[PDB]
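Chains as they are written, first to last, in the entry's author numbering: chain A, 36 to 861, 869 to 1005; chain B, 2 to 215.
Think of the CB as a built atom: it goes at the ideal place given N, C-alpha and C, for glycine as much as any other residue.
Below is one structure, written out as C-alpha cells, with a few remarks after it.
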Ligand SMILES: Nc1nc2c(c(=O)[nH]1)N[C@H]1C(S)=C(S)[C@@H](COP(=O)(O)OP(=O)(O)OC[C@H]3O[C@@H](n4cnc5c(=O)[nH]c(N)nc54)[C@H](O)[C@@H]3O)O[C@H]1N2
Ligand SMILES: Nc1nc2c(c(=O)[nH]1)N[C@H]1C(S)=C(S)[C@@H](COP(=O)(O)OP(=O)(O)OC[C@H]3O[C@@H](n4cnc5c(=O)[nH]c(N)nc54)[C@H](O)[C@@H]3O)O[C@H]1N2
Ligand code: SF4
Ligand code: SF4
Ligand code: SF4
Ligand code: SF4
Ligand SMILES: [S]
Ligand SMILES: [W+6]
C-alpha cells in the first residue's frame, strides 16, 4: 500500500475546468471525515483513462487552499474593509434587499397593458461552474422572483454559434463526442486551440492520426495545437468565411460531395421561391432604412399540401443545390488565398485532404470552440462548416460531425437549464408579452404536412406543461403559466442579454446584481467601464471560492472605497470535489460525481446557499405580504430538499420527472410517483412533471443512469467508442446525433467498418437511433420542421447562405467578393494612435479570468505573469527585446506585460500593408498574484453587434510600446 | 527493471506531467517570472524534479518546429552519479534492483553534491542550499513497487509518456520509431542502451536541450 492513500476513502469526481469531463479519483482522510489528501485521474474513465492536463492535475491545490473563503463577508456602503458575518445575517439581509427591490420594482403589466409579472431592477450572472441541479434550481428561483435579466458564460462564446447548428441540423449542440474523434480520417481544427483548451481531446485526435488521419490547424497563431498537426495553415483574423466558401466551391467544382446523402438527407432538392435572389452582397427583401431583411422573400415554393417542393433529379434552377453552386462560384483559389493570407498550394493541400472525406467510407470532422466567432457573422462562419459537412455526408457518422467544443465543464448543462434570458429549461422560449395564454405560447410551433417529417418540436406542449407541473404541481399548467415572468414582445431580444445588462448597470438602472460563480470585473470587455458601473448598484451578491476582482471591485485600482456606496455580500461556496451532482460535458454526457472532503471551513454548496436564501424571501412574503406573492409562495422547493439540505438526487429525479397519477401513454400503464422513462411519455394534460424534458430518461425507476460507470460495449459500439453504459447523454442516450443519416434507406451503414446504427433483424443496433422508425420511412433531421439538413438556411438574419462581410473594421476598406464591405444587417473609431490588432486567448495552465488558477501555486509557477506575444517584425519596428516590459494601450485602458517575441506570430498582409497582431492572455487580475498583471479586458471595447449582443475580444485596436 | 518510453512526437507541452509530479510529492512552487518564454520553472531545482523545456526552431514556410522536452533523471543502467558519490560515502545513491530506479538517500548531505552533478552526463542532480540533500526524479519508485504508473506517466494525455518492463518498452520504442519516421524522418532514440528513460526525439536531440543525450 502507499502510505499517502492507505487510510483515505476513495471517491470519483469529474474535473471542474473544461467541458472534456475528465474523471478524477479523490482520496479523503479519516475514511471521508476530513480533508482531501490526493486528487489524480480516474484510470477507468473512458474519456481520459487516468490522464489530466495541469488544471485537473492541480485540483488538490485548488480544494486544499488556505486562501479560500471560510465564511460570508459583508461590505457596508462606503466602508474600506470586509466584516466577517454569520450565514444567518448574510442570507436574511440579502432576502430583505431582494424583497425591498422586488416590492418596489415589480410590474404586473407593461406599457401596452400586457401581463409580464416581472422585476427589471435585479440582474443575475452565472454560472456554467455550478452542478446541473443547482443551475436548474437557480433559474427557477430567479424566475419565481420575477427576473428576466438572467445570463451566464454561454452568451459570450456559444450563443453566437448555436443558431448555426439549430438552423442546419435542428439542435444547437456538439453533434458527436470526444472519443469519436479517434474515428475521423481528417480533423480540421479552426477557431480552436484544443491542445491547450481541451487538452485530453488530443488523446483522441492523435489516435485518429495513428489510424491514418491528417490533422489540420487553421489559426492566425502557431500554437501547442499547431506543433502536433500535419498541416498548419495561417489565416488572417476574420477571413474564415472566404476560406470555407472556397472549400464549398472546391467540393462542387471537383464533384467530391456525397451525392446520395446530399440528395436524400439535405435540402439540396428543395425548390426556393422565385422571390429569392442575391446581387453584390445583398439578398432579396433588404430594408436599407432598418438594416434588416424580409425573410419571407427567401421562402421555399410550397406544394398544394404546404410541403416544400422537391426535384430529386436536382435539375430545377431553384433547387437549393443549384443556387448553392451559383452563390459560391465567386470564391476562387486566387481571391480566397489573397484575403486569407494562406498560400494557394496550402489551400489546395487543405481542400484536397478534407474534401477526400466526401467518400462514404471516410469521415471528416471540424473542431471549433470560441475562435473569432463573437462578431455579427460568426453564426454564418459555423453555417459554412455545417454546409461543408452536409455536402460531404459527415453529419451523423463516426469521425464526422461539427464538434462545437463547449468551454466550461457544465456550460452545456447551464444552457440546458435556461440560465439565458430567452430560454426556460429544455430550450422552451421565455414567453414574450404577446403570449397571453399557454394555448397561444403552444400555437407558435410550426407544423409539417410531410408524413416523413417527424418535426419533434410538435411535442413542445408536453414539455412546457410537464415543466410548469414541476414548479407548480397543485396548479393547472394554464394557470401556472401566469406566475412566470415575460419579456416585451416590443423590445429587441438582445436588450435582455449580457452586454446590455452592463450598459443598463452603467446607467444606474439596476439596484441589485447576483455575480453567482462569475468574475465580471475581469470577464466583461472594457473592465474599466464595468468596474465603475458596479459602483452604481445598491447591493452586489457574489458567490465564489475566493475573494476576487468582483467581490472587491470597490478597492480595485484607482477606486476610493469612501466614494462607492454599493453594499456587498461575499458568500464562499465549496469546490466540485466537496459536493454531489451532475455536470453535462461537450458530448452531452451528464456525469454524476460524489462528495470527497466535507465543505472547507463554513463554505456551502451553491444549492444550499440558493435554497436557504429563497426560503428566507418566502418566509418574509408570508409575514409582511408585498408585490404579487403567488409565484414565490407556491414554488415546490419541497421536492429539492432531503434531511433539511439541498438534495442533488431529488432535484435530478424531478428534472427527469414522474407521473402525478396512474396514466396510459404510448399504450403503456404508468403508476403515479413512477419516474418518467423518456420524454416520449410526457403529457400536456398535467399527468406528468419534468423540470427538463431533455433529462427525461436520465433518472428512471432503474435509477440514476448519470452515475453508471459501466464500460460494457458490443463490438460495433467498441469499434467507435460509444460507451453507452458510461453515464447518460441527452437525448435518451443518443451518443451521435443525426445517426439515421449514417445509413442508406435500407438501414445499411455508409461505412460498415465504423457503423453508428445498423438495421439488423427488425431493430436498430449500435447507437440509440436518433428518431424511431424503419429504414427509409423518416427524414433524418427529426428536430427540423421539414426533416432535412439545411444547406439553405432562411431563418438566419444575415441571409440563407454564408457570405463574406469583413469583421475587421480598421485595416480593411475593400471586399473582393461584393460591393458590400460590412454585414448589411449590423462604429469602431480606428484611432490611428492604435495601429495594431490586439487579440486575447488562453494558455493550458490558466482558467478563464484566472480567479481559480491564480490561487494555485503550481499553475502560477508555470505562467506567473501577463505577457504580450509579438512577431520579430513588430519587435524590430518598436525596439522590443524578448522579455522586455511593454505598455499595451487602447481607447479603453492600458496595462504592462512581458513581451514574448516569437516567430509563432507573423504580420498580416492586408490590401498590400503589413498589419501586426499582438496577443494577450486574459487570465490575469489585480487581486493575485503579486506582479501577475491585470485583465486584458482593460483594453477591449464594450461595443458589440446589434444582432448578437456579444463583445469584441479577438480583434480590437491597441498600441504596444517598450517601457 | 522498468523503462519509460517518451515519444516527444506526441507532446502538446500541456505540462500535466510537471504539475502531477508536484501534486504526488506535495512539492512547493518556485518563485518565477516570465522572461520571454512559456517555460517555467526555467530549470530543474531542489523542489522541481521535472520542467517542460520549450525551443522554437525556424522552418521553411509558415509556423515553426516547436520542440518540447519534459526533463527528468534518465535512471541510467550504470549510474555515473553513484560512482561519484560512492567516493565520499557508499550509500548516498543506491539502485533499486526491482525497478531500476537510481535513488538519492538522505546520506547525500554527507557527499560533495557539486561533484555528483558534474558526474551526471545529463546535468540532472540539484542541491538543497539548506540541507545539502541531492534531489531529482525518483521514478515515483513507491508507486511503481505498488504496481501504479508514475504520476507523470498516468497524467499524460497524448501517449507521449509510456512506462513498463524494459523488454515491452524497447519493443514499443523500435515499433514507434518506425511509425514516427514516416512523419519526422530524422527521428531518433536517445541513448537507448544506457538509460531507463528512452526519449524519441523528432530530430537532433541537442535541438531539444544541450543535455538531451550523453
Ligand atoms: N486552458 C484553458 N482551456 C479553456 C479555457 C481556459 O480559460 N483555459 N476556457 C474555456 C472556455 S470558457 C471556452 S469558451 C473555450 C474557448 O476555446 P478556444 O476557442 O480554443 O480558445 P481561445 O484560445 O480563446 O481561441 C482559440 C484560437 O482561435 C484563434 N483565432 C483568433 N482569431 C481567429 C480567427 O479569425 N479565425 C480562426 N480560425 N482562429 C482565430 C486564436 O489564435 C486561438 O488559437 O476554451 C475553454 N477551455
Ligand atoms: N478578453 C476576453 N474576455 C473573455 C474571454 C476571452 O476569450 N477574452 N472569454 C469569455 C468566455 S468564453 C467566458 S466563458 C467568460 C468567463 O468568465 P467568468 O465565468 O466570469 O470567469 P471565472 O469567474 O474566472 O470562471 C470560473 C468561476 O467559477 C467559479 N466556481 C468554480 N466552482 C464553483 C462552484 O461550485 N460554484 C460557484 N458558485 N462558482 C464556482 C470560480 O470561483 C470562478 O469565479 O469570460 C469571457 N471573457
Ligand atoms: S481541464 Fe479539461 S482536459 Fe484538463 S483535466 Fe479538466 S476536463 Fe480534462
Ligand atoms: S517519474 Fe515521478 S518523480 Fe519522476 S518526473 Fe515523473 S512524476 Fe516526477
Ligand atoms: S541521469 Fe544523472 S542523476 Fe539520473 S541516474 Fe544518470 S547520472 Fe544519475
Ligand atoms: S503530460 Fe504528456 S503531453 Fe503534456 S507536457 Fe507532459 S509529456 Fe507532454
Ligand atoms: S463558456
Ligand atoms: W466560454
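{"Asked": "Within-8 Å CB hit, residue 263 of chain A to chain B", "Found": "yes"}
{"Asked": "Three-pair Cβ contact test at 8 Å for the segment 714-724 of chain A versus the segment 500-508 of chain A", "Found": "yes"}
{"Asked": "Residue 575 of chain A classed as buried or exposed, judged by whether at least 16 other C-beta atoms fall within 10 angstroms", "Found": "buried"}
{"Asked": "Reference residue 441 of chain A, options A:228, A:261, A:742 and A:595, closest by Cα", "Found": "A:228"}
{"Asked": "Neighbouring residues (CB closer than 7 Å to any heavy atom of ligand 7)", "Found": "A:163, A:188, A:189, A:191, A:192, A:193, A:441, A:442, A:443 and A:446"}
{"Asked": "Contact with chain A by residue 73 of chain B, beta-carbon distance below 8 Å", "Found": "no"}
{"Asked": "Pocket of ligand 4 (residues with CB nearer than 6 Å to any heavy atom), chain order", "Found": "B:21, B:22, B:25, B:50, B:51, B:73, B:138, B:139, B:140, B:141, B:151, B:152 and B:153"}
{"Asked": "Cβ contact check for the segment 928-938 of chain A and the segment 554-564 of chain A: 3 or more pairs under 8 Å", "Found": "yes"}
{"Asked": "Chain A within 8 Å of residue 84 of chain B, Cβ atoms only", "Found": "no"}
{"Asked": "Proximity test, Cβ basis, 8 Å: residue 907 of chain A and chain B", "Found": "yes"}
{"Asked": "Nonlocal neighbours in the same chain, by C-beta distance under 6 Å from residue 834 of chain A, ignoring five residues either side", "Found": "318"}
{"Asked": "Minimum length 4: unbroken alpha helix (DSSP H) runs contained in the segment 505-570 of chain A", "Found": "512-515, 533-540, 555-558 and 562-569"}
{"Asked": "Distance cut-off 7 Å: residue 374 of chain A Cβ against heavy atoms of ligand 5", "Found": "no"}
{"Asked": "Unbroken stretches of the beta strand (DSSP E), 3 residues or longer, contained in the segment 780-817 of chain A", "Found": "792-794 and 799-801"}
{"Asked": "Residues that DSSP places opposite residue 939 of chain A in a beta bridge", "Found": "A:928"}
{"Asked": "Assigned secondary structure, residue 48 of chain A (DSSP; H/G/I helix, E/B strand, else coil)", "Found": "strand"}
{"Asked": "C-beta atoms of residue 229 of chain B and residue 126 of chain B nearer than 8 Å", "Found": "Nothing about residue 229 of chain B can be reported from this structure: the residues present for chain B run from 2 to 215 only."}
{"Asked": "Simplified DSSP assignment, three categories, for residue 141 of chain B", "Found": "coil"}
{"Asked": "Buried or exposed (CB count within 10 angstroms, at least 16 for buried), residue 994 of chain A", "Found": "buried"}
{"Asked": "Distance, residue 171 of chain A Cα to residue 80 of chain B Cα", "Found": "60 Å"}
{"Asked": "Rounded Cβ spacing between residue 724 of chain A and residue 624 of chain A (contact assumed at less than 8 Å)", "Found": "Their Cβ separation, rounded to whole angstroms, is 24 Å, which puts residue 724 of chain A and residue 624 of chain A out of contact at 8 Å."}
{"Asked": "Sequence-distant residues of the same chain with beta carbon closer than 6 Å to residue 366 of chain A, five excluded per side", "Found": "280, 281 and 284"}
{"Asked": "DSSP-derived helix/strand/coil call for residue 367 of chain A", "Found": "coil"}
{"Asked": "Interface flag, residue 466 of chain A vs chain B, CB-CB below 8 Å", "Found": "no"}
{"Asked": "Start and end residues, beta strand (DSSP E) containing residue 71 of chain B", "Found": "65-72"}
{"Asked": "Residue interval of the alpha helix (DSSP H) (run including residue 476 of chain A)", "Found": "473-478"}
{"Asked": "Near ligand 5: residue 193 of chain B beta-carbon under 7 Å from a heavy atom", "Found": "no"}
{"Asked": "Short CB-CB distance (under 8 Å) between residue 269 of chain A and chain B", "Found": "yes"}
{"Asked": "Buried or exposed (CB count within 10 angstroms, at least 16 for buried), residue 941 of chain A", "Found": "buried"}
{"Asked": "Closest Cα partner of residue 124 of chain A within the set A:108, A:136 and A:115", "Found": "A:108"}
{"Asked": "Closer than 7 Å at the beta carbon, the chain A residues around residue 143 of chain B", "Found": "37"}
{"Asked": "Start-to-end residues for the beta strand (DSSP E) that takes in residue 883 of chain A", "Found": "878-883"}
{"Asked": "Residue 884 of chain A beta carbon near ligand 6 (any heavy atom closer than 7 Å)", "Found": "no"}
{"Asked": "Interface flag, residue 35 of chain B vs chain A, CB-CB below 8 Å", "Found": "yes"}
{"Asked": "Min CB distance residue 125 of chain B to chain A below 8 Å", "Found": "no"}
{"Asked": "Interface partners of residue 157 of chain B on chain A, CB under 8 Å", "Found": "86"}
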